[PDB]
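Dropping work05.cif in here (mmCIF, C-alpha atoms and all ligand atoms):
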```
data_input
#
loop_
_atom_site.label_atom_id
_atom_site.label_comp_id
_atom_site.auth_asym_id
_atom_site.auth_seq_id
_atom_site.Cartn_x
_atom_site.Cartn_y
_atom_site.Cartn_z
CA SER A 884 17.72 16.91 -3.13
CA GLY A 885 16.29 18.08 -6.46
CA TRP A 886 16.55 21.85 -6.84
CA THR A 887 15.96 22.80 -3.20
CA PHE A 888 19.65 22.97 -2.30
CA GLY A 889 20.06 26.04 -4.51
CA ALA A 890 17.63 28.16 -2.48
CA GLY A 891 17.64 27.02 1.15
CA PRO A 892 18.76 24.01 3.17
CA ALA A 893 19.08 20.76 1.28
CA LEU A 894 16.01 18.52 1.57
CA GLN A 895 15.97 14.81 0.76
CA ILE A 896 13.54 13.30 -1.76
CA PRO A 897 13.43 9.97 -3.65
CA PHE A 898 14.51 10.14 -7.28
CA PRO A 899 11.31 8.80 -8.94
CA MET A 900 9.31 11.43 -7.06
CA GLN A 901 11.69 14.09 -8.37
CA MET A 902 11.21 12.87 -11.94
CA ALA A 903 7.45 12.92 -11.39
CA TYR A 904 7.71 16.55 -10.29
CA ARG A 905 9.84 17.37 -13.34
CA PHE A 906 7.28 15.79 -15.67
CA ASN A 907 4.59 17.80 -13.90
CA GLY A 908 6.47 20.95 -14.99
CA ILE A 909 6.12 20.48 -18.76
CA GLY A 910 2.37 19.92 -18.83
CA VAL A 911 2.34 16.13 -18.47
CA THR A 912 0.49 14.42 -15.63
CA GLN A 913 2.63 12.47 -13.18
CA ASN A 914 0.75 9.19 -13.65
CA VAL A 915 2.61 8.78 -16.95
CA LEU A 916 5.89 8.23 -15.10
CA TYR A 917 4.73 5.73 -12.48
CA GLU A 918 2.97 3.59 -15.09
CA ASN A 919 5.99 3.52 -17.44
CA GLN A 920 9.11 3.44 -15.27
CA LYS A 921 11.27 0.53 -16.43
CA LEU A 922 11.02 1.69 -20.04
CA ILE A 923 12.02 5.24 -19.09
CA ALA A 924 14.96 3.97 -17.04
CA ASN A 925 16.15 1.78 -19.92
CA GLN A 926 15.86 4.71 -22.33
CA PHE A 927 17.90 6.90 -19.98
CA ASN A 928 20.59 4.23 -19.60
CA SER A 929 20.82 3.70 -23.37
CA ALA A 930 20.97 7.45 -23.97
CA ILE A 931 23.77 7.97 -21.44
CA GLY A 932 25.68 4.96 -22.77
CA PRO B 1079 4.12 7.68 -4.33
CA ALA B 1080 0.45 6.67 -4.57
CA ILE B 1081 -2.48 5.04 -2.76
CA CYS B 1082 -4.53 2.03 -3.91
CA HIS B 1083 -8.03 2.18 -2.42
CA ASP B 1084 -10.18 -0.17 -4.54
CA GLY B 1085 -8.08 -1.75 -7.29
CA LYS B 1086 -7.32 1.79 -8.47
CA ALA B 1087 -4.73 4.46 -7.74
CA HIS B 1088 -4.96 7.92 -6.19
CA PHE B 1089 -2.34 10.42 -7.13
CA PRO B 1090 -2.29 13.84 -5.42
CA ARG B 1091 -3.75 16.69 -7.43
CA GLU B 1092 -1.21 19.14 -6.01
CA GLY B 1093 1.09 18.20 -3.14
CA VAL B 1094 2.79 15.13 -1.67
CA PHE B 1095 1.63 12.21 0.45
CA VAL B 1096 3.19 12.42 3.92
CA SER B 1097 2.77 10.14 6.92
CA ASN B 1098 3.76 10.49 10.54
CA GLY B 1099 4.09 7.35 12.67
CA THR B 1100 0.54 6.08 12.11
CA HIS B 1101 -1.74 8.23 9.94
CA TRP B 1102 -1.48 9.66 6.43
CA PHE B 1103 -2.00 13.15 5.02
CA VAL B 1104 -1.55 15.22 1.86
CA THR B 1105 0.43 18.44 2.14
CA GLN B 1106 1.97 21.26 0.13
CA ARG B 1107 5.49 21.02 -1.25
CA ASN B 1108 7.01 24.09 0.44
CA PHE B 1109 5.05 24.25 3.71
CA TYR B 1110 3.49 21.91 6.27
CA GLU B 1111 -0.32 22.12 6.19
CA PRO B 1112 -1.61 18.55 6.56
CA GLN B 1113 -5.10 17.70 5.34
CA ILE B 1114 -7.28 14.60 5.35
CA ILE B 1115 -7.22 12.52 2.17
CA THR B 1116 -10.52 13.17 0.40
CA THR B 1117 -11.68 12.54 -3.15
CA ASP B 1118 -11.22 16.24 -3.95
CA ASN B 1119 -7.45 16.18 -3.32
CA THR B 1120 -6.83 13.15 -5.54
CA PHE B 1121 -7.50 12.09 -9.12
CA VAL B 1122 -7.85 8.42 -10.02
CA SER B 1123 -6.05 6.81 -12.96
CA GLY B 1124 -4.65 3.29 -13.10
CA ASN B 1125 -4.94 -0.11 -11.46
CA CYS B 1126 -2.37 -0.12 -8.58
CA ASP B 1127 -0.80 -3.23 -10.12
CA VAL B 1128 2.14 -1.50 -11.83
CA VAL B 1129 2.92 1.32 -9.36
CA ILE B 1130 6.03 0.60 -7.28
CA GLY B 1131 5.88 1.37 -3.57
CA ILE B 1132 2.13 1.95 -3.36
CA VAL B 1133 0.39 1.71 0.02
CA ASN B 1134 -3.14 0.57 0.75
CA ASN B 1135 -4.60 3.13 3.19
CA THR B 1136 -8.10 4.53 2.65
CA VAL B 1137 -9.71 7.63 1.12
CA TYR B 1138 -12.75 9.39 2.55
CA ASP B 1139 -15.83 10.58 0.65
CA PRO B 1140 -17.72 13.88 1.17
CA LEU B 1141 -20.89 12.86 -0.69
CA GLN B 1142 -21.88 9.93 1.54
CA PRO B 1143 -22.42 11.93 4.80
CA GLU B 1144 -25.06 14.06 3.07
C1 LIG A 1201 0.11 11.45 13.73
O1 LIG A 1201 -0.81 12.51 13.51
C2 LIG A 1201 -2.15 12.18 13.90
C3 LIG A 1201 -3.02 13.35 13.50
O2 LIG A 1201 -3.04 14.35 14.50
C4 LIG A 1201 -2.20 11.88 15.40
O3 LIG A 1201 -3.50 11.40 15.72
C5 LIG A 1201 -4.13 12.26 16.69
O4 LIG A 1201 -3.47 12.20 17.96
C6 LIG A 1201 -4.04 13.07 18.94
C7 LIG A 1201 -3.18 12.95 20.18
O5 LIG A 1201 -3.32 11.67 20.79
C8 LIG A 1201 -5.50 12.70 19.19
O6 LIG A 1201 -6.08 13.66 20.08
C9 LIG A 1201 -6.61 12.98 21.23
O7 LIG A 1201 -7.98 12.63 21.04
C10 LIG A 1201 -8.54 11.90 22.14
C11 LIG A 1201 -9.93 11.44 21.74
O8 LIG A 1201 -9.79 10.37 20.81
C12 LIG A 1201 -8.55 12.83 23.37
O9 LIG A 1201 -9.09 12.15 24.48
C13 LIG A 1201 -7.12 13.30 23.68
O10 LIG A 1201 -7.13 14.20 24.78
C14 LIG A 1201 -6.45 13.92 22.46
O11 LIG A 1201 -7.09 15.16 22.22
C15 LIG A 1201 -6.29 12.68 17.88
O12 LIG A 1201 -7.59 12.17 18.11
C16 LIG A 1201 -5.58 11.81 16.85
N1 LIG A 1201 -6.28 11.85 15.58
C17 LIG A 1201 -7.25 11.00 15.25
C18 LIG A 1201 -7.86 11.19 13.89
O13 LIG A 1201 -7.63 10.12 16.01
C19 LIG A 1201 -1.18 10.82 15.78
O14 LIG A 1201 -1.11 10.72 17.20
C20 LIG A 1201 0.20 11.16 15.23
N2 LIG A 1201 1.14 10.08 15.48
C21 LIG A 1201 1.70 9.86 16.68
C22 LIG A 1201 2.64 8.70 16.76
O15 LIG A 1201 1.46 10.57 17.65
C1 LIG A 1202 -3.65 -4.19 -0.05
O1 LIG A 1202 -4.86 -4.81 -0.48
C2 LIG A 1202 -4.66 -5.91 -1.37
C3 LIG A 1202 -6.03 -6.38 -1.79
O2 LIG A 1202 -6.63 -7.19 -0.79
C4 LIG A 1202 -3.84 -7.00 -0.69
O3 LIG A 1202 -3.57 -8.04 -1.62
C5 LIG A 1202 -4.08 -9.29 -1.12
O4 LIG A 1202 -3.54 -9.61 0.17
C6 LIG A 1202 -4.04 -10.84 0.72
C7 LIG A 1202 -3.44 -10.98 2.10
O5 LIG A 1202 -2.04 -11.22 2.03
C8 LIG A 1202 -3.70 -12.01 -0.21
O6 LIG A 1202 -4.28 -13.20 0.31
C9 LIG A 1202 -4.23 -11.74 -1.61
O7 LIG A 1202 -3.80 -12.77 -2.49
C10 LIG A 1202 -3.73 -10.39 -2.12
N1 LIG A 1202 -4.28 -10.11 -3.43
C11 LIG A 1202 -3.58 -9.50 -4.40
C12 LIG A 1202 -4.30 -9.29 -5.70
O8 LIG A 1202 -2.42 -9.15 -4.24
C13 LIG A 1202 -2.53 -6.42 -0.17
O9 LIG A 1202 -1.83 -7.41 0.59
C14 LIG A 1202 -2.79 -5.20 0.71
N2 LIG A 1202 -1.54 -4.61 1.14
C15 LIG A 1202 -1.37 -4.08 2.36
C16 LIG A 1202 -0.01 -3.51 2.64
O10 LIG A 1202 -2.27 -4.06 3.19
#
```

Write the structure described by the file as structure tokens, please.
Ligand SMILES: *[C@@H]1O[C@H](CO)[C@@H](O[C@@H]2O[C@H](CO)[C@@H](O[C@@H]3O[C@H](CO)[C@@H](O)[C@H](O)[C@@H]3O)[C@H](O)[C@H]2NC(C)=O)[C@H](O)[C@H]1NC(C)=O
Ligand SMILES: *[C@@H]1O[C@H](CO)[C@@H](O[C@@H]2O[C@H](CO)[C@@H](O)[C@H](O)[C@H]2NC(C)=O)[C@H](O)[C@H]1NC(C)=O
Amino acid sequence: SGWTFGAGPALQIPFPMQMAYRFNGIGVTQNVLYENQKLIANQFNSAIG
Amino acid sequence: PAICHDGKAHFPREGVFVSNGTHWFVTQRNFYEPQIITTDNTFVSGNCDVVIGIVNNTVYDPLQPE
């Protein structure tokens, strides 16, 4: 649900779209995420490991 | 997540791509004000060969009528 469940009713949203919105919040265009997704996922998995 | 019109992509400038049963629209995040997909609402960058979950659809043009 992203951050919506902290204000009103919980609203569903796919995870890659949520990450695109989060990138859009630090001054980076969203097309960066959708063009480099497998690499970002692998980096996240390695970081959490 | 995106729309591939002619070998390219079309990401929304501000808002999300939302479809009812048949047609497609672009709308705001926190309200429901559907609009027709035009070249003003979208910016093109890419090749629609790497985006996952893209749809074909079509995008209108305001310059051609005039
Ligand atoms: C999903 O949303 C779209 C956008 O509104 C719906 O398409 C629109 O549906 C209405 C209702 O059928 C159409 O209005 C009708 O127009 C005909 C003339 O073509 C008129 O004789 C009828 O009395 C009525 O006013 C409207 O034209 C149509 N939009 C377009 C661009 O054609 C669509 O119906 C929605 N999905 C579903 C499953 O309903
Ligand atoms: C979106 O358009 C592309 C471009 O035509 C379609 O890809 C072609 O689809 C035909 C029909 O199946 C194939 O014969 C071609 O080999 C495809 N070309 C490529 C480069 O993939 C695609 O199928 C369309 N998608 C939808 C959902 O309509």

Which of these residues is nearest to chain B, using all atoms listed in the file: A:922, A:886, A:917, A:907?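 That would be A:917, the residue with the smallest distance to chain B.
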
When you get a sec, could you note down which chain B residues fall within 9 Å of chain A, using all atoms listed in the file, as a ChimeraX atom specification? /B:1079,1089,1123-1124,1128-1130

To test the calculation: enclose all listed atoms of ligand LIG 1201 (chain A) in a box whose edges run along x, y and z, add 5 Å on each side, then state centre and edge lengths in Å to one decimal, as lines of an AutoDock Vina configuration file.
```
center_x = -3.6
center_y = 11.9
center_z = 19.1
size_x = 22.6
size_y = 16.5
size_z = 21.3
```

Residues within 8 Å of ligand LIG 1202 (chain A), counting only C-alpha atoms and all ligand atoms: report them as a PyMOL selection string. chain B and resi 1082-1085+1133-1135

Preceding selection exported with C-alpha atoms as a tab-separated table (two decimals), in the coordinates of the input:
```tsv
chain	number	residue	atom	x	y	z
B	1082	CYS	CA	-4.53	2.03	-3.91
B	1083	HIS	CA	-8.03	2.18	-2.42
B	1084	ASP	CA	-10.18	-0.17	-4.54
B	1085	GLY	CA	-8.08	-1.75	-7.29
B	1133	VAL	CA	0.39	1.71	0.02
B	1134	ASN	CA	-3.14	0.57	0.75
B	1135	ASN	CA	-4.60	3.13	3.19
```

Which residues form the shell of 7 Å around ligand LIG 1201 (chain A) when you count only C-alpha atoms and all ligand atoms, given as a list in words?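 Every residue with an atom at most 7 Å from ligand LIG 1201 (chain A) is listed here: residues 1098, 1099, 1100 and 1101 of chain B.
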
Would you compute the distance between CA of residue 1115 in chain B and CA of residue 1090 in chain B? Give it in Å to one decimal. 9.1 Å

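Coordinates place CA of residue 930 in chain A at a distance of 24.1 Å from CA of residue 896 in chain A.
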
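If you look at CA of residue 1138 in chain B and CA of residue 1121 in chain B, they are 13.1 Å away from each other.
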
Can you work out which one of B:1107, B:1093, B:1125, B:1114 has the shortest atom-to-atom distance to residue 1081 in chain B, counting only C-alpha atoms? B:1125

Proximity to residue 1136 in chain B - best of B:1122, B:1096, B:1111, B:1102, all atoms listed in the file: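 The shortest atom-to-atom distance to residue 1136 in chain B comes from B:1102.
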
Put range 892-918 of chain A into a file with N, CA, C and O atoms, as a JSON list (two decimals), in the first residue's frame.
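Result file part08.json:
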```json
[["chain", "number", "residue", "atom", "x", "y", "z"],
["A", 892, "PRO", "N", -7.70, 5.20, 4.20],
["A", 892, "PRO", "CA", -7.84, 3.76, 3.95],
["A", 892, "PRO", "C", -6.70, 3.23, 3.10],
["A", 892, "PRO", "O", -6.18, 3.93, 2.23],
["A", 893, "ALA", "N", -6.32, 1.99, 3.36],
["A", 893, "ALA", "CA", -5.22, 1.37, 2.62],
["A", 893, "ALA", "C", -5.61, 1.17, 1.17],
["A", 893, "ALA", "O", -6.71, 0.71, 0.86],
["A", 894, "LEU", "N", -4.70, 1.52, 0.26],
["A", 894, "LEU", "CA", -4.92, 1.41, -1.17],
["A", 894, "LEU", "C", -3.81, 0.58, -1.79],
["A", 894, "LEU", "O", -2.63, 0.83, -1.55],
["A", 895, "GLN", "N", -4.19, -0.41, -2.60],
["A", 895, "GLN", "CA", -3.24, -1.32, -3.21],
["A", 895, "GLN", "C", -2.48, -0.64, -4.35],
["A", 895, "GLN", "O", -3.00, 0.26, -5.02],
["A", 896, "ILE", "N", -1.26, -1.10, -4.58],
["A", 896, "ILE", "CA", -0.40, -0.58, -5.64],
["A", 896, "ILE", "C", 0.74, -1.57, -5.87],
["A", 896, "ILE", "O", 1.28, -2.13, -4.91],
["A", 897, "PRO", "N", 1.11, -1.86, -7.12],
["A", 897, "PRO", "CA", 2.24, -2.76, -7.36],
["A", 897, "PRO", "C", 3.55, -2.17, -6.85],
["A", 897, "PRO", "O", 3.74, -0.95, -6.83],
["A", 898, "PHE", "N", 4.45, -3.05, -6.43],
["A", 898, "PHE", "CA", 5.71, -2.60, -5.83],
["A", 898, "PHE", "C", 6.60, -1.82, -6.78],
["A", 898, "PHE", "O", 7.12, -0.77, -6.37],
["A", 899, "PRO", "N", 6.85, -2.25, -8.02],
["A", 899, "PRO", "CA", 7.68, -1.43, -8.91],
["A", 899, "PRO", "C", 7.14, -0.03, -9.13],
["A", 899, "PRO", "O", 7.92, 0.92, -9.22],
["A", 900, "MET", "N", 5.82, 0.13, -9.21],
["A", 900, "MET", "CA", 5.26, 1.47, -9.30],
["A", 900, "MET", "C", 5.57, 2.28, -8.05],
["A", 900, "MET", "O", 5.86, 3.48, -8.14],
["A", 901, "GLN", "N", 5.52, 1.65, -6.87],
["A", 901, "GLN", "CA", 5.85, 2.36, -5.65],
["A", 901, "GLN", "C", 7.31, 2.81, -5.65],
["A", 901, "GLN", "O", 7.61, 3.94, -5.26],
["A", 902, "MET", "N", 8.22, 1.94, -6.09],
["A", 902, "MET", "CA", 9.62, 2.36, -6.17],
["A", 902, "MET", "C", 9.82, 3.47, -7.20],
["A", 902, "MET", "O", 10.66, 4.35, -7.02],
["A", 903, "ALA", "N", 9.05, 3.44, -8.29],
["A", 903, "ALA", "CA", 9.13, 4.54, -9.25],
["A", 903, "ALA", "C", 8.70, 5.85, -8.61],
["A", 903, "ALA", "O", 9.34, 6.89, -8.81],
["A", 904, "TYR", "N", 7.62, 5.81, -7.83],
["A", 904, "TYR", "CA", 7.18, 7.01, -7.12],
["A", 904, "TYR", "C", 8.23, 7.49, -6.12],
["A", 904, "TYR", "O", 8.43, 8.69, -5.96],
["A", 905, "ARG", "N", 8.89, 6.56, -5.44],
["A", 905, "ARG", "CA", 9.91, 6.95, -4.47],
["A", 905, "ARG", "C", 11.13, 7.56, -5.16],
["A", 905, "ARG", "O", 11.71, 8.52, -4.64],
["A", 906, "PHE", "N", 11.54, 7.02, -6.31],
["A", 906, "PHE", "CA", 12.60, 7.67, -7.08],
["A", 906, "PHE", "C", 12.17, 9.06, -7.53],
["A", 906, "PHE", "O", 12.98, 9.99, -7.55],
["A", 907, "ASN", "N", 10.90, 9.22, -7.90],
["A", 907, "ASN", "CA", 10.43, 10.52, -8.34],
["A", 907, "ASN", "C", 10.47, 11.56, -7.24],
["A", 907, "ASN", "O", 10.33, 12.75, -7.53],
["A", 908, "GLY", "N", 10.64, 11.15, -5.99],
["A", 908, "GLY", "CA", 10.69, 12.06, -4.86],
["A", 908, "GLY", "C", 12.06, 12.56, -4.47],
["A", 908, "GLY", "O", 12.16, 13.37, -3.54],
["A", 909, "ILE", "N", 13.13, 12.11, -5.13],
["A", 909, "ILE", "CA", 14.47, 12.60, -4.82],
["A", 909, "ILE", "C", 15.09, 13.19, -6.08],
["A", 909, "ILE", "O", 16.31, 13.15, -6.26],
["A", 910, "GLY", "N", 14.25, 13.75, -6.94],
["A", 910, "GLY", "CA", 14.73, 14.41, -8.14],
["A", 910, "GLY", "C", 15.38, 13.51, -9.17],
["A", 910, "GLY", "O", 16.37, 13.91, -9.79],
["A", 911, "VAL", "N", 14.85, 12.31, -9.35],
["A", 911, "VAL", "CA", 15.30, 11.40, -10.41],
["A", 911, "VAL", "C", 14.07, 10.94, -11.17],
["A", 911, "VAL", "O", 13.08, 10.50, -10.56],
["A", 912, "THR", "N", 14.11, 11.04, -12.50],
["A", 912, "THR", "CA", 12.98, 10.65, -13.31],
["A", 912, "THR", "C", 12.71, 9.15, -13.18],
["A", 912, "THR", "O", 13.61, 8.36, -12.91],
["A", 913, "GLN", "N", 11.44, 8.78, -13.36],
["A", 913, "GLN", "CA", 11.04, 7.40, -13.10],
["A", 913, "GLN", "C", 11.58, 6.44, -14.16],
["A", 913, "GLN", "O", 11.76, 5.26, -13.87],
["A", 914, "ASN", "N", 11.87, 6.93, -15.37],
["A", 914, "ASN", "CA", 12.32, 6.04, -16.43],
["A", 914, "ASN", "C", 13.64, 5.38, -16.11],
["A", 914, "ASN", "O", 14.01, 4.40, -16.77],
["A", 915, "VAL", "N", 14.37, 5.89, -15.11],
["A", 915, "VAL", "CA", 15.59, 5.22, -14.67],
["A", 915, "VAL", "C", 15.26, 3.85, -14.09],
["A", 915, "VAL", "O", 15.96, 2.87, -14.36],
["A", 916, "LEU", "N", 14.20, 3.76, -13.28],
["A", 916, "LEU", "CA", 13.88, 2.50, -12.63],
["A", 916, "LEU", "C", 13.47, 1.43, -13.63],
["A", 916, "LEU", "O", 13.99, 0.31, -13.62],
["A", 917, "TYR", "N", 12.52, 1.75, -14.52],
["A", 917, "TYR", "CA", 11.96, 0.75, -15.41],
["A", 917, "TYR", "C", 12.96, 0.27, -16.45],
["A", 917, "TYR", "O", 12.79, -0.82, -17.00],
["A", 918, "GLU", "N", 14.00, 1.05, -16.73],
["A", 918, "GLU", "CA", 15.03, 0.61, -17.66],
["A", 918, "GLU", "C", 16.13, -0.20, -16.98],
["A", 918, "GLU", "O", 16.82, -0.96, -17.66]]
```
